[PDB]
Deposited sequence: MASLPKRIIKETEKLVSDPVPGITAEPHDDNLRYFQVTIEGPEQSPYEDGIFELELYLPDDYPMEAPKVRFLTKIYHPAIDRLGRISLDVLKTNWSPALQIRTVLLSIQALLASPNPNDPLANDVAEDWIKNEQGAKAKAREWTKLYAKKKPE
């Protein structure tokens, strides 16, 4: 028996899903989610599916979900380790936000790859080549949709 907060969030993911995103909790541990996010059209990731794992810590919703990007990807906000650069996961977190919020943010991150890190270096110096590399990696590493 989890906090009803978590049960309520889980039910809403099944009944009112977000187009292009899937989120499946695991029977053996309902705090652990397998997540797929489709590459947004008109972005360098258009053709690909991306895997993520997500975990709800004990202090949730006071504490942010832990997230790790699993698919290999060329992106200025996702490192080699799969750590994601989102303030909503750092300082901006509050119990008013949800899993949905985190997922919509990561989807938005793929939609609009913006720098401001050495991949972000490449995106500011000769960017049209970086966007081209991201598309190549999508073909190589991101499972076909």
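In this chain, the deposited residues that lack C-alpha positions fall in the ranges 1-2, 119-122, 152-153.
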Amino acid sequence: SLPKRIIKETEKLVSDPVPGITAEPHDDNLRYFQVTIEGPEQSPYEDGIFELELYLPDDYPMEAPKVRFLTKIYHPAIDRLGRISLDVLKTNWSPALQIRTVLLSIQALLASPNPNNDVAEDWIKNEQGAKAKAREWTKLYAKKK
From here on, numbers count along this sequence of modelled residues.
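With 30-38 and 86-94 compared on mean CA B-factor from the PDB entry, the stretch scoring higher is 86-94. For the two regions 122-130 and 21-29, the entry's Cα B-factors average higher over 122-130. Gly48: CA B factor lies in the highest third for its chain, per the PDB record. When the CA B factors of the chain's modelled residues are split into thirds, the value for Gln107 lands in the lowest one. Annotation for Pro57: CA B-factor lies in the lowest third of the chain's modelled residues. When the modelled residues of the chain are ordered by C-alpha B-factor, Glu9 sits in the lowest third. The PDB entry assigns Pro115 a C-alpha temperature factor belonging to the highest third of its chain's modelled residues.
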